[PDB]
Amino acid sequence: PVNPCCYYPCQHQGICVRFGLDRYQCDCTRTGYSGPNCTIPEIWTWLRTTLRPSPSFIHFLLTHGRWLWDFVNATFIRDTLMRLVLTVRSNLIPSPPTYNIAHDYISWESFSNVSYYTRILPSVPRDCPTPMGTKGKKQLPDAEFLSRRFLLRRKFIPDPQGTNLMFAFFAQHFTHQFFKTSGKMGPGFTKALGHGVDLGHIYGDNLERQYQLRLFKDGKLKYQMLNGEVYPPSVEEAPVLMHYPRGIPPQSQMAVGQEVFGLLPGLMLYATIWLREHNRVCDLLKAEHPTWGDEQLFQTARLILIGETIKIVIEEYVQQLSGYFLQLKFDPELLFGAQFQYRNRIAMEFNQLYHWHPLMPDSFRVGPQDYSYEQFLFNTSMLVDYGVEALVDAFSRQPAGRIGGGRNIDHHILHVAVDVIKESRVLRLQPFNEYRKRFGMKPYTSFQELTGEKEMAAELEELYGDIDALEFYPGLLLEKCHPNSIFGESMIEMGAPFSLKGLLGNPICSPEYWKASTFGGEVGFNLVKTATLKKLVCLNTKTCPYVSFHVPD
């Protein structure tokens, strides 16, 4: 008796449940559809899907007609559209969360145990005929071969949207606060229990670590002075676990919230900027509240930095990534009149989707000097040698690589993609086409439709045998990009829901928290409301360099 749920019979978010020895039933509750397979639409459902323009057409609208968008951005329409974007995208993410690596069904354990990443679609049942369900071959393509053939960079392909390394390192720094897969527990488990923008990559993911990083004076974080500049303290002064190669003296190791940030100067650079910002805010708070103790100063500054982070991510980071002419806006009040849960649980699919390694260049240019990967990775003196401004200027000027399209991952880090594919099979992620449907898109009917070309498509078809066997991550990276864009429609249609839900799902965005008193008053509240990448850097450096998520002109 072949498990009927292996055919993914239930459509439009209907839930497949096994009944008896060989039957199945689809729970169509609130899907907007009825029938054995949740395929019979109600009137409003049918109209909505019949009138909704394609993701590609909407993408076109949002990236053309600057004159019209400028006009619209200056009106209430900006708010109307931002609210629509927030609600429509977020609603595709279940909240409270549903499944995890252990339970392909709702359970109290999945709801309460936050050491688990959640998941949007249940796993491919273990008893299915093929690894992907019922389609494809008995054995999936070799992960290594797949990576060498379709993901390995031949010649660097710059991002057409002008994205730079300042952006690339921000993305890596930012995402590493909520993606922290546990080596000890295995795939499907995380150590970032905050499951969102808690800034645990600055303050630590646990209390004792936070306490080791804190000065416990004026609400500040410990630090050290080098060349008259402020930097994170060494592991000697802040006895915290850091992942550095054996053989590196403790005095040369910097201690920050995230244990892996010693890996790249680009990561430690952001750790330095944010640490400086935290202490700068502590100073502003104390001037306003001389009676406050160290604890309240520390806690309030953290809330302010969380807000500054979400503000910058929405209005500058996502703005650069989307390429939209619509001026995005971070305003929690846009959701006060809607039904929305202020909670977030990080999905394993979101983790996979965010492996944007193609962004990394062939080498790292700092002024007239060109640094190789061996001169960059784990280099513990470069940040201090050049200082914050110099590195920000260089990273802001160097272009990052295009993410989608294929063949654009530097050989130095290709092994990461190989492991992502291997872990996807351990997590038993459903095929790319099933995720397409889950996020409102039609499944691809062939590999040529996916790639937009013929040679790679033919080889993929040979390897996978069926488009319905194509895996999640490979599909995301091999999909044809939007015209002159950094990646394809799926990265946007699937990634936007996860990202936006994770930003606005934060408790500081709730009516209960979003008030001036939460941030120590008007001064703190305005810091959040007017935060900018430029101010983040320049209010914390001697001089102000070129700073942006876009390469200069």
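Residue positions are given as counts along the sequence shown, with the first one as 1. Definition used throughout: the rigid core is the maximal C-alpha set that superposes within 1.5 Å between two forms.
- A fit on the rigid core, followed by a root mean square over CA positions in 5 other deposited structures of this protein, ranks 249-257 against 456-464 and picks 249-257 as the more shifted one.
- Choosing between 475-483 and 383-391, the greater Cα displacement from the shown form in 5 other deposited structures of this protein, fitted by the core, goes with 475-483.
- Stretch comparison (460-468 versus 106-114) by mean CA B-factor in the PDB entry places 460-468 on top.
- Averaged over Cα atoms, the B-factor as recorded in the entry is higher for 69-77 than for the other of 193-201 and 69-77.
- Ranking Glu277, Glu374, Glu434, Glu315 by the C-alpha B-factor listed in the PDB entry places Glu374 at the top.
- The residue among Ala171, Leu226, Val392, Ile120 whose C-alpha carries the highest B-factor in the deposited model is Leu226.
- Ranked against the other modelled residues of its chain, the C-alpha B-factor of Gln341 as given in the entry falls in the lowest third.
- Residue-level temperature factors show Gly524 in the middle third of its chain, judged at the C-alpha atom.
- Annotation for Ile486: CA B-factor lies in the middle third of the chain's modelled residues.
- In the PDB entry, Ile306 places in the lowest third of its chain by CA B-factor.
- When all modelled residues of the chain are sorted by CA temperature factor, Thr300 is found within the lowest third.
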